[PDB]
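Novice: Need coordinates for the following:
(chains A, B, C, D, E, F, G and H)
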Amino acid sequence: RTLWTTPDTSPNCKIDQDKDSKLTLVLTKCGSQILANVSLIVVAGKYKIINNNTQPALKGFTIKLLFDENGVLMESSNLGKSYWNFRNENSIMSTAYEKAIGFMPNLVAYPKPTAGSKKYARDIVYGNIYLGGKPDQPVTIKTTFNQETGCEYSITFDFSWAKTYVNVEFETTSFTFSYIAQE
Amino acid sequence: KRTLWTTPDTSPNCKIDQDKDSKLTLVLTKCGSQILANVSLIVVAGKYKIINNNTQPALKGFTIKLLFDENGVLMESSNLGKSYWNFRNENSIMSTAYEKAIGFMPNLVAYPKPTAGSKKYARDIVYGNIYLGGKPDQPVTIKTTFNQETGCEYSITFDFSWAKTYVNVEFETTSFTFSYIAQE
Amino acid sequence: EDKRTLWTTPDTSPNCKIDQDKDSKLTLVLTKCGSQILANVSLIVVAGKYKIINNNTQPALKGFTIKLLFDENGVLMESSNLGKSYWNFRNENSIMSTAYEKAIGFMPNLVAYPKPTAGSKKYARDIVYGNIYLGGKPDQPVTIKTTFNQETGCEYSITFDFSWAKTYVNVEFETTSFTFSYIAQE
Amino acid sequence: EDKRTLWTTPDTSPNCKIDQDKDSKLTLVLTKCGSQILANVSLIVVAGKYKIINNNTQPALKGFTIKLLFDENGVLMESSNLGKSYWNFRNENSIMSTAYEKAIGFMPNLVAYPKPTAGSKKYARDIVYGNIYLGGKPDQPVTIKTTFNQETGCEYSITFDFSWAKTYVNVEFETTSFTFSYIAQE
Amino acid sequence: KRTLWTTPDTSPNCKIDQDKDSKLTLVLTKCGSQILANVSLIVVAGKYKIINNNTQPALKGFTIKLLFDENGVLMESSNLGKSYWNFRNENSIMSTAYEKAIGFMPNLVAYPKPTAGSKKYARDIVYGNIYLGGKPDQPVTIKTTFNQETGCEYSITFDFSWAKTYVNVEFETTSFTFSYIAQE
Amino acid sequence: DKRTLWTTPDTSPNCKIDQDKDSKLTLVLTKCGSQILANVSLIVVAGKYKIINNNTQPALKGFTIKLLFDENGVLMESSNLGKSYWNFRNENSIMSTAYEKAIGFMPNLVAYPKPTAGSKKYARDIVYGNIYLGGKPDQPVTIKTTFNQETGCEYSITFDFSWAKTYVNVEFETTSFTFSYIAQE
Amino acid sequence: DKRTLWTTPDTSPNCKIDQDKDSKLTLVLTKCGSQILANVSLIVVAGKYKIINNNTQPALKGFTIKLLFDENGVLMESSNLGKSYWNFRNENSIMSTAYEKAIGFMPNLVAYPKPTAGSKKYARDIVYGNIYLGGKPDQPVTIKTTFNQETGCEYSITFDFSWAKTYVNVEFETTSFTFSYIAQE
Amino acid sequence: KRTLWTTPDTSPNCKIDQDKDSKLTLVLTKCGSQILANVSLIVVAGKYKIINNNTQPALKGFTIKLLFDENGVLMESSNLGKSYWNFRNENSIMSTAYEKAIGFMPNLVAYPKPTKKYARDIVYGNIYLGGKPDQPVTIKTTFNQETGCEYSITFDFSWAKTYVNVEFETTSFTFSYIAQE
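Specialist: Residues are numbered from 1 along each chain as shown, chains lettered A, B, ... in the order given. There you are, the coordinates:
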């Protein structure tokens, strides 16, 4: 009933370069809703340290999870496939999973955008998370369901900030949300 | 069934100011002693569809009320229409109206009905924000209150409000999740 | 008997010591959804120095802490601010009459949220921020910061740090509710 | 040395057991005015079952009793709810440096207020009723009923029965003061 | 001597709203560790003389304060006039103003001044009722509070209030007795 | 300068808040025809109000300075401000002889009537302002000025000083505030 | 009544800190009328407190040993100290019969009342001292002794050991400390 | 008896600044040639009750003196009140004032009166405010250094830290001294 990344600190995600980040994502199926819990540690590379004195235009970045028609994570995702599976103890199942359609965002609630059709905001959930656990260091985490092409379903995390942060490490508090499940 | 919902399509099901002027998308999923709730709103017509606080400076909020009888059945005075509200069946709703859903009602010990002279605590409220047009600089407050309406056994009230002066902004929102303690 | 919910009974009676015996009602409901605990919390201060906030007369009174400390079996330790007789598995609108022996399935996961270490980087993943509102008023926010497994002298812990920046003048400390979740130990 | 006042001292340090040890400060001052004792009383509950009244959760919790039992010399007996440590003749704002041995002139008169006895007519004149107010609020009355010489296992007694009719919700039990008098034994 | 009083005549001695609008009759008799107090009030002029809450709905109470210095001497800031307050001499007062009356002051351990970080207990209040015109259906609350005023070492504050709607009722009262713990 | 009544701008004490000469009220009244332009500040040099400690005295949160005038606008001895220090300007001092008339500086009695039983009391006779202890922006004090509300005089100006915040070892000496009022003639 | 209650002075473990019999508490209580003269030291023989390394275990900074007594002054089994060799002195061992009464050795309940909710307790019931690990003068630890603070007993003596310094591979075996306390009778 | 004491309840018995502002709990137990002494202090009122060295930076100590006559009887000039100091009787004091207690007095050969001053007539200790290990106060006890008496015990309390809103109520300290007889 839970798809997750093992919640240690080892990297599992490429924002800019391989293994530059640890996305901790836990999806628990509560029938018609998925209860989601997320946090991010950027361990290396371009996004490890936000410095808007030296890089004034660096105000955000994106992580995409793309899923096929069986709810299987696609290699085009920023999150690595070997890191994503049903929970087993404090680790993951040995064999890669074959179906997880019940964990996918519902396509009627959150349709793929279509040219010529009105796009509603119901497919977005906003939250904040806090860099370094400090209450004066918010960033926006914008989560969008089924926005991407090249997939049957998707979850997209857009992180952004308006403040000028100077040498602030990108490692965050946790946020919980939910979404309507496909089945 | 463990989920009561409005079918998550876009067809209007709610009256804010005029009949069928909005689509309230509300999903209540029973997790034992808590209901996990997910809500968003699309206004499709009427005075709240396009907010212009230069021409209508007083247009700063509105209310959507769900009132329930002793069996957890939606009452017709609610802003949400009854024919749209039922247990989930695939991506639609059961064909026959439900008779009991007390397990989805807000707990009356946690959230008592008002009585004169009774000390009223704020535990029966949850605050959140949702965002018009998906834009991060267009927040609206969604205040949810449990069991504060009269003429019903249980209630969920959504009060929407905003402080900013919105000019030519369509009222269709991002989603928000909350929970509340279940009656049984 | 509802072994999927640990809670304080959702009545209004006090169950918690912030400063003195029975000075507050922490309403806390932990509902196990497999590997995540769905948590719902509010606070009523019924007496003592935190009941009525006046920052004109007490400018330094800007926050306080409520700690839940648990042993290796998930049993609440007496050093916690919440009283042990008030904390148990649900039975209808009350609690089971005998004290529970095990609740590890409700504890915050130690790999996700490790105890303090001798020499390793401490990450912020073990914190959740929220706001709650005094008197239900939208202009009276308080920060509720929840931290997992950062207390010593226990095997697991949940710490609620309440704080505010505004100068509140004769404002009663009784709050709206907040929901969050955390990763479960098993 | 003021042998015309017997008191608890006027501090707020708990001296009384209603339900648990030292859960309350009974402030009681008995001043001898010849044939009458002028009495002044208030109560602060600091802990335990009666600190915070919540009649939504405990609708049957509507009163309690504090008994002072005295021997043939007017000495307070250990079976009393009030402790002996600081019940003594006045010395400034404290008590005399040794325990008193005789205070019959402070005892309620046995002809006016006889002890209960087998099949004898009990008259109400051994009672005085009053009200005191929780938290100083005029809408939070409680009844204080004082009865003289009705307890067993003593030669004299003063019994305070507290009761209320209203449904109090999270009201701290600490009271305004009340004055009464009674006829002295000698 | 053993009694501080206002002479029990009917000569106005007190300012509620305007000078000499009332006669407070107050007798404090020292009984060792307790002061036995007896009080009544006559309003002789001004807006509190005849109460009409149909036409003046906000006229629901007023305060008379006695403030004392470190020697127990009444301070000029009190509502009660100083020339009216002294030790008893027959049915009048001593001709020379008293210099010390600490034995008549409310005890500061029983009834402390406001203190930072100290809980304020209600035991520094005594409630009573007195009756307008001697009529049993015309109660007013007399609340007496010890040592809660600023600008003094000791204080006795009388707050009068009423919930009933009195219609053309003269404010002149029955008497009430209470006691309080003495400072020395 | 028959157009200015003032206390002079020096710092020698001229006022009794709690004890004699415990404070310097600096008050300048400049007649602009039908309006008096007023500028005020306060320095407490001694006594109970010199150093505020609301940890020691939590309930000490205000005090009053009254100026009472007779029917000729002459300051009465019952005022908190001393008469020696109050006169028309001459350079940075005051005139030698005490003034005899200053009705043109008195608060207008129609705008600001004396209170009387049975007459409505309007708030027009009050002006609120703030001043700041030690010049610090986070140490406000309210200065409430009321015209013609005192008894035993023909005209009055009352300054009620109050504060809400707990000040701990804060000297009571203030910034300045300007206001105006309607002149009797 | 010049008697002594003691643990015997050998080094056989008699006390649990973290695991059974991981320490020797050497405790000697000698009745000097109204005061008990007390002498204490501690040897940790096994377990996690035997060798302190606060670089690797920085949270290992203190521990507690409780002696709980019934209404007769008899040591209760719930104590950290075992009952077998806690008795009146006989030579370098203990009397052959287990004692039945030792109220004269109990901490006075008037001087040192049981704490109760809603009463702020006084510090009079504490004595602080230092003892030194390995006899080295730069290795202090605090021994805080509190009388009658525990529930589930009539009387109690609690030893709380704690240290501020970061000890690196230092064995927990201590010098001796003497104190006194007021006796119940 | 073998113990002179103050009843170890919380009732005040001592004037530091003002009458009845403090409870000195002092127990002197005769062990032959040595007196075993146990002391603590609770300030209940007045200027030393709450130390705030931000407001009162020079408030850094005070003294409590016990002066005795040739019979070891406490003199009224002492800070401790005579009503409170007597031989022990159960958990209180004897009701009749004692007449002789020379065996409890500090030895005059070990500790001579002012009229070569050696430091051996002093014992130093620390006690802790509120029982907190970071709130030490020095308690200096001096024998037979006051004038106008035959014997004396003087307690000088002092501290170096800047304490802010700290209540002066202490842990206990034990010492001994050589007895006069």
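
Novice: Tell me how far the closest residue to residue A:1 other than its chain neighbours lies from residue C:186.
Specialist: Leaving aside its chain neighbours, residue A:1 sits nearest to residue C:34 (4.4 Å; criterion: C-beta to C-beta, 6 or more residues apart in numbering or on different chains). For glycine as for every other residue, the C-beta is placed from the backbone atoms N, C-alpha and C. Separation of residue C:34 from residue C:186 (C-beta to C-beta, to the nearest Å) stands at 10 Å.

Novice: These two - which one has more neighbours?
Specialist: For residue C:34 versus residue C:186, neighbours defined as other C-beta atoms under 10 Å in any protein chain shown are more numerous around residue C:34 (16 against 12).

Novice: got the contact list for that one?
Specialist: By C-beta atoms under 8 Å, 6 or more residues apart in numbering or on different chains, the contact set of residue C:34 is A:1-2, A:28, C:184.

Novice: Closest one of those to chain E?
Specialist: residue C:184 (41.2 Å; C-beta to the nearest C-beta).

Novice: So what sits opposite residue A:131 in the bridge?
Specialist: Note on residue A:131: beta-bridge partners residue A:172, judged by DSSP bridges.

Novice: next one: residue A:37
Specialist: As assigned using DSSP bridges, the partners bridged with residue A:37 are residue A:26, residue A:176.

Novice: any idea how far it lies from chain H?
Specialist: 41 Å (C-beta to the nearest C-beta, to the nearest Å).

Novice: what do you get for residue A:108?
Specialist: 63 Å.

Novice: Specify the local secondary structure of that residue.
Specialist: Secondary structure state of residue A:108, per DSSP: H, G, I helix; E, B strand; the rest coil, is coil.

Novice: can you tell me how far it sits from chain C?
Specialist: Distance from residue A:108 to chain C, by C-beta to the nearest C-beta: 24 Å.

Novice: quick one: which of the contacts of residue C:34 is nearest chain G?
Specialist: residue C:184 (24.2 Å).

Novice: which phi and psi does residue A:81 have?
Specialist: Note on residue A:81: backbone dihedrals following degrees, to the nearest 10 are phi -70, psi -30.

Novice: what about the most centrally placed residue in chain A, which helix or strand?
Specialist: By C-alpha atoms, centre = their mean, chain A has its centre lying nearest to residue A:157, at 4.6 Å. Per DSSP states H and E, residue A:157 falls inside strand A:153-160.

Novice: Direction included, what does that strand pair up with?
Specialist: Counting by DSSP bridges, strand A:153-160 is paired with strand A:60-67 (antiparallel), strand A:138-145 (antiparallel).

Novice: From start to finish, how long is stretch A:120-129 in a straight line?
Specialist: 24 Å (C-alpha to C-alpha, to the nearest Å).

Novice: what's the answer for stretch A:68-86, then?
Specialist: With C-alpha to C-alpha as the measure, what separates the two termini of stretch A:68-86 is 17 Å.

Novice: How far off centre is that stretch?
Specialist: 12 Å (C-alpha atoms, centre = their mean, to the nearest Å).

Novice: what does stretch A:61-80 give?
Specialist: 9 Å.

Novice: and if you look at stretch A:38-56?
Specialist: Using C-alpha atoms, centre = their mean, the offset of stretch A:38-56 from its chain centre is 16 Å.

Novice: mind checking the end-to-end distance for that stretch?
Specialist: Stretch A:38-56 end-to-end distance (C-alpha to C-alpha) = 27 Å.

Novice: Next: stretch A:33-49.
Specialist: 35 Å.

Novice: on that earlier part again, for chain F, see how far away the residue nearest to the centre of chain A is.
Specialist: In terms of C-beta to the nearest C-beta, residue A:157 sits 41 Å off from chain F.

Novice: Likewise for residue A:131?
Specialist: 29 Å.

Novice: repeat for residue A:25
Specialist: On the measure of C-beta to the nearest C-beta, residue A:25 and chain F end up 45 Å apart.

Novice: Residue A:179 now?
Specialist: 46 Å.

Novice: and what of residue A:38?
Specialist: From residue A:38 to chain F the distance is 40 Å (C-beta to the nearest C-beta).

Novice: quick revisit: who's the residue nearest to the centre of chain A bridged to?
Specialist: Here residue A:157, judged by DSSP bridges, has bridge partners residue A:63, residue A:143.

Novice: Over to residue A:22?
Specialist: residue A:41.

Novice: Export the contacts of residue C:34 as CSV, with columns for secondary structure.
Specialist: Converted to CSV, those look like this (three-state DSSP):
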residue, secondary structure
A:1, coil
A:2, strand
A:28, strand
C:184, strand
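
Novice: And these, which is closest to chain F?
Specialist: residue C:184 (45.5 Å).

Novice: How about the contacts made by the closest one?
Specialist: C:32, C:34-37, C:105-109.
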